[PDB]
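Accompanying notes for the structure given below.
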Amino acid sequence: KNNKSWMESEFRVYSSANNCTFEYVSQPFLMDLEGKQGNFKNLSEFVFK
Amino acid sequence: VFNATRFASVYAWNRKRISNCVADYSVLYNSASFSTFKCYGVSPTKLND
Ligand SMILES: *[C@@H]1O[C@H](CO)[C@@H](O)[C@H](O)[C@H]1NC(C)=O
Ligand SMILES: *[C@@H]1O[C@H](CO)[C@@H](O)[C@H](O)[C@H]1NC(C)=O
Ligand SMILES: *[C@@H]1O[C@H](CO)[C@@H](O)[C@H](O)[C@H]1NC(C)=O
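Chains B and A supply the protein sequences, listed in that same order.
Count along the first sequence from 1, then add 146; that gives the number in the deposited numbering.
Count along the second sequence from 1, then add 340; that gives the number in the deposited numbering.
This is the structure:
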């Protein structure tokens, strides 16, 4: 949007967060999508225990 | 907590929660700033370990 940048504006996840007994945020980074090859290119995997 | 600019009135005493961090008492029990420190179910000497 004129800046030649991508910027978050929508954050619709909760109307309230009453009692936060744990909180964390990482050190910041600049997220982007860059570099191309045309086939489906990335597998991502997560295990949660 | 100890160094806060303003403290609460006891009729409305603040009850703050602490977590995700390290409890270093060295600038605390060993420090001149208090005319009383009493512990009641630990030795203050043990608060690091
Ligand atoms: C460009 O970025 C600034 C902050 O860096 C922001 O205030 C402005 O709304 C942005 N403009 C557009 C068109 O996204
Ligand atoms: C959690 O929320 C309830 C309802 O608002 C409240 O009674 C209780 O004191 C809260 N506990 C903490 C630790 O914030
Ligand atoms: C409060 O913090 C100051 C530095 O901001 C320090 O010099 C002082 O010793 C601290 N006092 C207590 C009681 O922790």
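All C-beta atoms, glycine included, are put in the ideal place defined by N, C-alpha and C.
Near ligand 5: residue i beta-carbon under 8 Å from a heavy atom
i, result
"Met177(B)", "By its list of ligands, the structure shown excludes ligand 5, since it contains just ligand 1, ligand 2 and ligand 3."
Heavy atom of ligand 2 within 8 Å of residue i beta-carbon
i, result
"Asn360(A)", "no"
"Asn354(A)", "no"
"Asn165(B)", "yes"
Ligand 3 heavy atom lying under 8 Å from the CB of residue i
i, result
"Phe374(A)", "yes"
"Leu189(B)", "no"
"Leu368(A)", "yes"
"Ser371(A)", "yes"
"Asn388(A)", "no"
"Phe342(A)", "yes"
Spatial neighbours of residue i in its chain, beta-carbon cut-off 7 Å, leaving aside the 5 residues before and after
i, result
"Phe377(A)", "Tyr369, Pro384"
Residue i CB to nearest heavy atom of ligand 1 below 8 Å
i, result
"residue 93(B)", "Given that chain B is displayed from residue 147 to residue 195, the structure contains no residue 93(B) and the question cannot be resolved."
Selected residue, minimal CA-CA separation from residue i, among the options
i, options, result
"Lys150(B)", "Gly184(B), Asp178(B), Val159(B)", "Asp178(B)"
"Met153(B)", "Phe175(B), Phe192(B), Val171(B)", "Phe175(B)"
Cβ-based neighbour list, residue i, same chain, cut-off 6 Å, excluding 5 preceding and 5 following
i, result
"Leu387(A)", "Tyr365"
Worksheet item: Should the stretch 156-175 of chain B be called in touch with the stretch 349-360 of chain A, which here means at least 3 C-beta pairs below 8 Å?
Response: yes
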